[PDB]
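> Before I ask anything, here's the sequence and the deposited coordinates:
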Amino acid sequence: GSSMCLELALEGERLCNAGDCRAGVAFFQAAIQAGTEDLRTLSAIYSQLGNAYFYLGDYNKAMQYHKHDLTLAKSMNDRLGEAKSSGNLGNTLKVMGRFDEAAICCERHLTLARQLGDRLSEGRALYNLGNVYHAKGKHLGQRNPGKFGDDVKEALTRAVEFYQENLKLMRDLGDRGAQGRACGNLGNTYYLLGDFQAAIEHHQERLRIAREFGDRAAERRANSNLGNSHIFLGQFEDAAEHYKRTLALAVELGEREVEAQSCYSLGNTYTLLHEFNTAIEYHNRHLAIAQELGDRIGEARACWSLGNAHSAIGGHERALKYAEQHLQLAXXXXXXXXXXXX
Amino acid sequence: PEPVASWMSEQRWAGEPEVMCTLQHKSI
């Protein structure tokens, strides 16, 4: 009964782990129905339901069940458990764009962790608050792209502070991989702030750490962020090197979409470098992938770029064909380039 | 409009974020 619940809940857990989360949710619900006297078990079922709904994209449900877990955890005076629930709920609220509320939940996690003297839990809370403010400033910037307001800078600034606090604690604890995560997010946040030199330094440390761990994916990310940072410092040769490294990693990892974007970035960067032939090879690569992937929007960008690249070298007729291709795919801009080449 | 300026402008708000899930699991 309580044992019925237990078996149902364990099968629920096992099924989410094996990536059958929709069936898992059904077992958690059967387990609730069967009922139990053990609050620690019930609370764990609420939590697993909240995470399974999160992963399935049902954020309202996830929020509901995390809340049930949270409330039950207060009611059981399980402080470490309450801290987890708060962290989970805060994460859910963050994804829903409910940043004020998310921050409150994540502060609570931080408060409890420090009361308990649980440094790893404190670290996590700091990283999560970093994520809330980073997502908030990113969102504010996107929602009004034509302005770079105090609200954006303020959000990103708090994010920097939390990430730095996290990084320092991660250094004190000697948690190398966690240092790598903090550097990556700090690098991103400074990059949004426009402190491109600070972003560089943090992405570089991120790359070093990734290499220590043989973490190729993190290496790819870091090299990509570096390339972008270099572009934003006017350092075009460094950018080209980092994009090429990105490209080589993306081929090794079989990330075809990322291989495409790296190629497109290299075409642009070589155009700035006035290496039109070399740009054209990179753009040709991007174009072929975009075609293979049925990504028409990329195919238009490629045609647009390739039209320009060809004219630049007097390849005027070829240029015309890409411009016409761009028109089809697309309109205003291609018509002008198609007219200008006649 | 110019493809290079357009590309660079798109890059301004780009960045590969850290990907580790921070959800916490309560074991049954």
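Great, that's in hand. Numbering: from 1, shown residues only, chains lettered A, B, ... in the order given.

> How about the residues of chain B by chain A?
Proximity of chain B to chain A (C-beta under 8 Å from any C-beta of the partner chain) is limited to residues B:1-4, B:7-8, B:11-20, B:22-28. Yep, even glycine has a C-beta here, placed from its N, CA and C like the rest.

> Can you pick out the ones from those residues that are in helices?
Mapping the residues of chain B next to chain A onto helices (DSSP state H) picks out B:3-4, B:7-8, B:11.

> Could you tell me which of the residues of chain B next to chain A count as buried?
B:3-4, B:7-8, B:11-12, B:15-18, B:22-24, B:26, B:28 (16 or more other C-beta atoms under 10 Å in any protein chain shown).

> and of the ones in helices among the residues of chain B next to chain A, the nearest to residue A:31?
Closest approach to residue A:31 among those (C-beta to C-beta): residue B:11, at 48.4 Å.

> Report how many residues lie close to the closest residue to that closest one other than its chain neighbours.
The spatially closest residue to residue B:11, leaving aside those adjacent along the chain, is residue A:228, at 5.4 Å (C-beta to C-beta, 6 or more residues apart in numbering or on different chains). Neighbours of residue A:228 under the rule other C-beta atoms under 10 Å in any protein chain shown: 27.

> now swap in residue A:226 and tell me
Neighbours of residue A:226 (other C-beta under 10 Å): 25.

> any idea which element it lies in?
Using DSSP states H and E, residue A:226 sits within helix A:216-231.

> what residues does that helix touch?
A:180, A:184, A:187-188, A:191, A:196, A:199-200, A:203-204, A:206-207, A:209-211, A:236, A:238-240, A:242-243, A:245-246, A:249-250, A:252-253, A:255, A:258, A:262, A:265, A:269, B:8, B:11, B:14-16, B:18-19 (C-beta atoms under 8 Å, 6 or more residues apart in numbering or on different chains).

> Mind listing what's buried along that helix?
Buried residues in helix A:216-231 (16+ other C-beta under 10 Å): A:218-231.

> And for stretch A:317-332?
A:318-327, A:329.

> Could you dump the residues you listed into a markdown table with distance to chain B and secondary structure added?
As requested, the buried residues of stretch A:317-332 are exported to a markdown table (distance: C-beta to the nearest C-beta, whole Å; DSSP: H, G, I helix; E, B strand; the rest coil):
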| residue | distance to chain B | secondary structure |
| --- | --- | --- |
| A:318 | 16 | helix |
| A:319 | 12 | helix |
| A:320 | 16 | helix |
| A:321 | 16 | helix |
| A:322 | 11 | helix |
| A:323 | 12 | helix |
| A:324 | 16 | helix |
| A:325 | 14 | helix |
| A:326 | 10 | helix |
| A:327 | 14 | helix |
| A:329 | 14 | helix |
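
> give me every residue that touches residue A:22.
So residue A:22 contacts residue A:56 (C-beta under 8 Å, 6+ apart).

> Could you say which helix or strand holds it?
helix A:21-34.

> show me what contacts residue A:129?
Residue A:129 touches A:103, A:106-107, A:110, A:158, A:162, counting by C-beta under 8 Å, 6+ apart.

> Let's have those residues in JSON lines, adding secondary structure, distance to residue A:86 and neighbour count.
Shown next, in JSON lines, are those (DSSP: H, G, I helix; E, B strand; the rest coil; distance: C-beta to C-beta, whole Å; neighbours: other C-beta atoms under 10 Å in any protein chain shown):
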{"residue": "A:103", "secondary structure": "helix", "distance to residue A:86": "11", "neighbour count": "21"}
{"residue": "A:106", "secondary structure": "helix", "distance to residue A:86": "7", "neighbour count": "29"}
{"residue": "A:107", "secondary structure": "helix", "distance to residue A:86": "9", "neighbour count": "16"}
{"residue": "A:110", "secondary structure": "helix", "distance to residue A:86": "9", "neighbour count": "24"}
{"residue": "A:158", "secondary structure": "helix", "distance to residue A:86": "18", "neighbour count": "19"}
{"residue": "A:162", "secondary structure": "helix", "distance to residue A:86": "15", "neighbour count": "26"}
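
> List just the nearest of these to chain B.
residue A:106 (9.9 Å; C-beta to the nearest C-beta).

> For the closest one, which non-adjacent residue is spatially closest?
Residue A:106 sits nearest to residue A:90 (C-beta to C-beta, 6+ apart), 3.9 Å away.

> Contact residues of the stretch 201-342 of chain A facing chain B?
Looking at chain B, the residues of the stretch 201-342 of chain A close enough under C-beta under 8 Å from any C-beta are A:217, A:220-222, A:224-225, A:228, A:231-232, A:264-265, A:268, A:271-272, A:301, A:304-305, A:308, A:333.

> count of residues packed around residue A:105?
Residue A:105 has 26 nearby residues by other C-beta under 10 Å.

> Now it. Nearest residue, chain neighbours left out?
residue A:90 (3.3 Å).

> ok now do the one you found, which residues does it touch?
Here residue A:90 is in contact with A:101-106, A:108-109, A:128, A:132 (C-beta under 8 Å, 6+ apart).

> quick one, helices of the stretch 1-150 of chain A?
Listed in chain order, the helices found in the stretch 1-150 of chain A under DSSP state H, counting those that start in this stretch are A:2-17, A:21-34, A:39-55, A:59-75, A:79-95, A:99-116, A:119-143, A:150-173.

> Can you tell me which of the ones you listed is most buried?
Ranked by mean neighbour count, these are led by helix A:79-95 with a mean of 24 (mean count of other C-beta atoms under 10 Å in any protein chain shown).
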